[PDB]
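Everything below concerns the one structure shown next.
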Amino acid sequence: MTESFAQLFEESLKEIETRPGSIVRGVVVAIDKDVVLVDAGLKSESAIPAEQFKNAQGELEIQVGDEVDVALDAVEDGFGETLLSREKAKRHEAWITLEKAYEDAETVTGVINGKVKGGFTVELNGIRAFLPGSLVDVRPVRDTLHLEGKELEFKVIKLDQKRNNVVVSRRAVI
Amino acid sequence: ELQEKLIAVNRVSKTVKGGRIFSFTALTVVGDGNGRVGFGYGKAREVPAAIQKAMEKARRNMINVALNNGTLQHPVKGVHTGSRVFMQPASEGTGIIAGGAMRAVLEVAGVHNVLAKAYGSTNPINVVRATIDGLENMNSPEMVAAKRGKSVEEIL
Amino acid sequence: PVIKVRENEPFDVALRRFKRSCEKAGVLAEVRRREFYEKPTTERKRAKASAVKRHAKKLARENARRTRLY
Amino acid sequence: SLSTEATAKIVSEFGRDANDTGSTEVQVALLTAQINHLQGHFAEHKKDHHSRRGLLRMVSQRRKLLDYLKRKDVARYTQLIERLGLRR
Amino acid sequence: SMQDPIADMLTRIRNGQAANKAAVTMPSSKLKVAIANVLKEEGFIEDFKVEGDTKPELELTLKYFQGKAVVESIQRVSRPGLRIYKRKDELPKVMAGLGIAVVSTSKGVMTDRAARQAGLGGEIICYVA
Amino acid sequence: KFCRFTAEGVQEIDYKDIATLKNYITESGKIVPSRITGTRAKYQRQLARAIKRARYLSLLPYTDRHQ
Amino acid sequence: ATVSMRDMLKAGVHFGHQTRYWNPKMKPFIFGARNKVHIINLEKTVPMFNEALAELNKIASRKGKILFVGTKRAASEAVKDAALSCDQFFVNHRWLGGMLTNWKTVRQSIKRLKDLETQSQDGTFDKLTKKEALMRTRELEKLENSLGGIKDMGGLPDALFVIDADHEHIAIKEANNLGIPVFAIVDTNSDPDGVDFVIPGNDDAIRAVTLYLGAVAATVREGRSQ
RNA sequence: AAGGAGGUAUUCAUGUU
RNA sequence: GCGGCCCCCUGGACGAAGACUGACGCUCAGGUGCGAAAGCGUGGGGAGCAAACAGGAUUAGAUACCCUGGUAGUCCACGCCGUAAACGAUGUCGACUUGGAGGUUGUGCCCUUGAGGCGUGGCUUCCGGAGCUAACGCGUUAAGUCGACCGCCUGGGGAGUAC
Ligand SMILES: [Mg+2]
Ligand SMILES: [Mg+2]
Ligand SMILES: [Mg+2]
Ligand SMILES: [Mg+2]
Ligand SMILES: [Mg+2]
Ligand SMILES: [Mg+2]
Ligand SMILES: [Mg+2]
Ligand SMILES: [Mg+2]
Ligand SMILES: [Mg+2]
Ligand SMILES: [Mg+2]
Ligand SMILES: [Mg+2]
Ligand SMILES: [Mg+2]
Ligand SMILES: [Mg+2]
């Protein structure tokens with residue numbers, strides 16, 4: 001029963017997913033001070049820099065043997081390496097969270113960076129939005145300095161997902 | 001058992017800021033007179049050191065020639081750069097009729113009767129390379145019969 | 001380059017805009033190139049040499065991102 | 001060149017069906033028609049060497065075809081050159 | 001223009017051996033089939049066959065012994081620009097009999113050994129070593 | 001990038017369609033390069049011909065100076 | 001021991017390099033392309049691996065010295081572990097151009113390292129003013145890092161087992177010059193000309209190198225057990 | 001003219017202007 | 001060699017599927033034709049540039065480089081001329097031999113999901129394997145392996161000169 005590699009490989013190909021940008025799970029093989037070896041099992045156990053696994057306190061919550069989720073960029077690089085990125089998965093999660101916040105009016109805290117093309121702009125955890133300049137604040141003192149760069153817990157007014165931008169607002173809560 | 005022979009020794013030069021630096025190169029050929037021959041090129045500051053290095057280098061990197069009773073199996077042609085060499089088997093007793101580099105290489109490789117001629121440049125280094133190449137690219141009845149799937153009697 | 005001075009814009013800003021407009025239109029390069037007659041063979045030779053060295057630099061960069069220097 | 005209607009007309013005249021377009025007589029007739037057509041062009045525009053070269057290619061190809069036809073079947077050759085009014 | 005199909009066939013054989021191809025293909029003719037038969041019987045190619053009704057294609061499956069090509073050298077001798085004919089006495093010895101010259105005699109194409117044994121001359125198509 | 005003509009199945013550029021050509025001429029009135037616009041070569045040649053015909057018909061300016 | 005198609009495919013042996021870097025010499029062992037990545041035909045890997053394993057078994061039975069060469073950042077420690085726990089020698093840092101051909105030089109360096117080691121376990125680093133002692137210690141550390149796995153071979157090895165033939169093309173040429181057989185794990189972008197026992201397969205994944213090294217070390221241990 | 005940055009170069013909307 | 005746009009006359013190339021003729025082909029001494037610029041003859045035209053020439057400088061000198069002018073000429077029509085580093089310093093035609101990245105111009109299929117993916121022809125630039133080469137380098141557009149025909153070479157100079 002010489003099971004042909006053709007059909008075995010076909011089974012394998014339907015077992016996994018191979019496309020740039022795809023969010024794929026992986027097994028954390030080893031952790032070092034410098035990089036973290038992860039394995040999505042395509043051609044090579046990739047290595048991702050350490051800061052991509054650190055929180056605000058710079059903590060490596062990830063441990064050995066943990067199953068993490070990273071976005072594959074390219075299955076190969078010319079250097080015999082599968083290229084994986086954790087920050088891309090973070091952006092994916094942040095945008096899904098922004099979607100849910102739009103659905104449920106969840107007040108997310110982000111730095112309203114400053115003037116945008118049509119008003120002011122906001123940025124929160126790797127996401128960016130614009131709010132009309134008429135919506136600077138609820139109690140609009142003549143000082144606009146405290147309108148930009150500070151923490152605002154706003155609900156997602158809209159999102160032009162294709163444009164990689166959203167529409168923030170000084171909503172009912174704000 | 002290895003017969004050795006120095007074919008040529010030349011004095012090359014390398015101009016430096018302080019003047020010229022003259023070094024000596026030696027081309028030698030060694031062989032066991034029974035079908036194995038190699039050539040070596042050695043470079044040194046002095047002639048004895050150069051010939052010593054060349055003799056060692058030639059004692060290494062020997063190759064095997066399919067000799068038939070001290071004569072070649074069949075006419076062979078060889079070529080390296082601008083030197084073209086023609087070697088033909090000859091009947092017993094004619095001796096080795098060849099020019100100096102071919103003479104040395106064949107005498108040390110064990111060919112006792114051969115007709116030879118070099119065309120093109122007769123520069124010794126290339127002549128030695130070409131004749132050694134021709135002697136190496138020579139096939140005997142045993143190997144030709146084996147290669148074509150026949151018997152030696154079938155090949156005659 | 002026809003620059004209109006806008007309201008409340010200072011003179012420095014207007015002059016900067018006019019300079020950028022002139023540099024974007026490339027007037028001075030045209031004038032310097034038309035100061036003297038250049039033979040067709042000279043024009044063709046200069047064009048070909050520019051293309052050759054630009055292509056060589058691009059190829060060198062592409063090779064460099066393939067071969068590490070450290 | 002030659003318009004579609006003229007080509008179809010010549011094919012009908014010289015080939016033994018509507019669909020025989022490759023026969024030697026048909027080719028020679030097409031070449032002769034085009035050659036005769038261009039004489040006005042090369043009588044007005046006398047410095048159009050780049051077109052005169054294509055004209056000479058047409059003439060030479062007609063020569064090769066007539067030679068082949070003459071060596072292969074003399075009767076067709078005589079009939080064809082008499083119809084077309086060509087010397088030799 | 002193709003004016004020596006036999007030379008083209010030999011050239012395909014030589015280039016296929018230099019490029020380590022398993023088999024080579026060429027347009028067929030009866031002279032080519034005779035030459036391929038001679039090569040097969042002398043052990044220079046592993047096999048030949050012909051495929052096709054109206055436009056036959058000759059396929060030769062080439063032979064390698066120790067990785068190296070079996071046909072070391074193969075050169076057209078008689079060519080359209082210079083035909084070569086040899087009497088039975090002057091038939092050549094290629095590689096002193098270790099190789100074979102393909103001679104076209106009056107009784108078909110054969111090797112120089114066969115022509116010398118049959119007492120015939122003829123045209124010299126090619127040398128094979 | 002993004003040659004805007006292939007994606008819309010444009011067969012021939014029209015010298016009468018001024019606004020499109022207004023997108024592909026600069027302020028001084030010269031033609032913007034294909035290396036800048038990302039236009040494909042064939043449509044670039046068509047565009048150049050159309051712009052020259054529009055200049056002839058005085059629907060676009062040769063230069064900014066004359067008017 | 002024995003490896004199989006299932007284990008190879010689990011470890012990711014079948015993934016080669018992109019199609020724009022492949023070797024036409026490597027063409028025969030290539031199954032197909034999927035998303036601009038070559039797929040190595042394991043139907044060729046399995047029998048070739050077994051034949052190389054058998055030859056390594058025979059050499060180990062004939063008391064041949066095996067040089068495990070793998071110097072990628074992805075297989076240095078794997079090869080060190082396999083050659084440690086197989087009683088053979090290894091190179092897991094840069095391959096010194098001329099290790100084999102310039103053995104004489106390598107051997108003189110070996111002797112220098114051994115003399116430094118005697119100075120270490122001799123109480124020599126005391127008469128020196130602690131800074132020449134630190135320099136000597138650091139020199140010994142560098143020499144150990146560089147020639148650690150080959151300080152007991154003594155002469156030339158009887159066979160080389162090399163990972164990433166292309167990365168180690170120099171070692172292959174040295175072995176062919178000196179007539180030492182080479183068993184090489186070859187990717188799709190590498191040349192199998194200088195290899196005597198080709199083992200087509202991915203040479204970049206630690207799982208794959210671990211598989212190969214484990215199988216080879218088990219075969220060599222069994223062959224020396226005899 | 002000098003200095004920095006990005007690339008083989010732009011997608012980065014439109015709006016605004 | 002060809003560079004604004006438009007019209008009239010006209011040559012060649014390539015692709016798709018099909019039909020037709022049935023070796024009608026390749027090369028080509030002599031021969032014929034085309035052939036940058038300068039130049040020549042006759043007749044116009046002449047804005048700019050500019051051999052010759054005039055003047056001003058620089059220089060030991062400056063029959064030059066630089067400056068101010070400036071004629072033939074450049075332009076057109078018709079003829080002559082027949083040469084160039086007229087170069088890929090690579091004669092024309094045909095067959096075979098691993099690959100990669102592109103450009104341009106056709107054409108087929110799949111989900112065109114949205115400028116996509118998978119093929120198949122023409123021309124074209126770079127890198128590189130085997131092979132070739134004195135080396136430099138060429139490398140499916142060969143300088144590789146071959147077939148056909150045509151042109152040339154035989155030390156430097158005198159000399160592409162004399163008759
Ligand atoms: Mg040497
Ligand atoms: Mg000579
Ligand atoms: Mg036509
Ligand atoms: Mg002539
Ligand atoms: Mg003129
Ligand atoms: Mg005149
Ligand atoms: Mg006049
Ligand atoms: Mg002047
Ligand atoms: Mg001439
Ligand atoms: Mg010439
Ligand atoms: Mg011709
Ligand atoms: Mg190249
Ligand atoms: Mg003369």
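We use all heavy atoms of the structure for the numbers below, so side chains are in, but hydrogens, waters and symmetry mates are not. By convention in this document, chain letters (A, B, ...) are assigned in the order of the sequence lines, proteins followed by strands, and residues within each chain are numbered from 1.
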(request) Give B:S121 one of three labels, base, sugar-phosphate or nothing, depending on what nucleic acid heavy atoms sit under 4.0 Å from its own. (result) nothing
(message) Let's see if you can work this out: which of I:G99, I:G147, I:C126 has an atom nearest to the side-chain heavy atoms of E:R79?
(response) I:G147
(message) Among I:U10, I:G94, I:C126, which nucleotide has an atom closest to any side-chain atom of D:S51?
(response) I:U10
(message) Just N and O in the side chain of D:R16: are any of them under 4.0 Å from OP1 or OP2 of I:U21?
(response) yes
(message) Any side-chain N or O of D:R71 below 4.0 angstrom from OP1/OP2 of I:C24?
(response) yes
(request) Sort and list the pairs that fulfil ring pair (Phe, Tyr, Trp, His ring centres under 6.0 Å) and have at least one residue in residues 51-72 of chain D, not counting sequence neighbours. (result) none
(message) Given the structure, check if the side chain of E:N15 and the base of I:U97 hold any donor-acceptor pair shorter than 3.5 Å.
(response) no
(request) Name the residue closer to the 5' end of RNA chain H, choosing between C:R61 and F:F2 according to the nucleotide with the nearest heavy atom. (result) C:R61
(message) Just to confirm a value in my table: I:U63 sugar, north or south, sign of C1'-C2'-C3'-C4'.
(response) south
(message) OP1 or OP2 of I:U105 versus the side-chain N and O atoms of F:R45: is any pair under 4.0 Å?
(response) yes
(message) As a test of your reading of the structure, name each stem of RNA chain H as range with range, where a stem is three or more consecutive Watson-Crick or G-U pairs at under 3.5 Å.
(response) none
(message) Tell me whether I:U112 is paired to I:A62 (Watson-Crick: purine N1 to pyrimidine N3 plus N6-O4 or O6-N4; or G-U wobble; cut-off 3.5 Å).
(response) no
(message) I want to check one thing: is the phosphate of I:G11, taken as OP1 and OP2, less than 4.0 Å away from some side-chain N or O of D:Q34?
(response) yes
(message) Heavy-atom nearest nucleotide on RNA chain I for D:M58 versus D:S23: which residue maps closer to 5'?
(response) D:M58
(request) Report yes if a side-chain nitrogen or oxygen of E:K21 is closer than 4.0 Å to either non-bridging phosphate oxygen (OP1 or OP2) of I:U98; otherwise report no. (result) yes
(message) Here's a test for you: under salt bridge (charged side-chain N to carboxylate O under 4.0 Å, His left out), which of D:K72, D:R88, D:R62 qualifies with D:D67?
(response) D:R88
(message) Positive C1'-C2'-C3'-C4' counts as north, negative as south. Which one applies to H:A13?
(response) north
(message) If you compare every side-chain N and O of D:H50 against the phosphate oxygens of I:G1 (OP1, OP2), does one of them come in below 4.0 Å?
(response) no
(message) Does a side-chain N or O of F:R4 approach OP1 or OP2 of I:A115 to a distance below 4.0 Å, or not?
(response) no
(message) At 4.0 Å (heavy atoms only), tell me whether D:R53 reaches a base, stays on the sugar-phosphate, or touches nothing.
(response) nothing
(message) Mind checking if F:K1 touches a base, just sugar-phosphate, or nothing, with heavy atoms under 4.0 Å?
(response) base
(message) Both F:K42 and F:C3 contact RNA chain I. Which one's nearest nucleotide lies toward the 5' end?
(response) F:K42
(request) Considering just the side-chain nitrogens and oxygens of D:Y68, establish if one lies under 4.0 Å of OP1 or OP2 belonging to I:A23. (result) yes
(message) Can you confirm whether or not the ring centre of F:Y43 sits under 6.0 Å from the ring centre of F:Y24?
(response) no
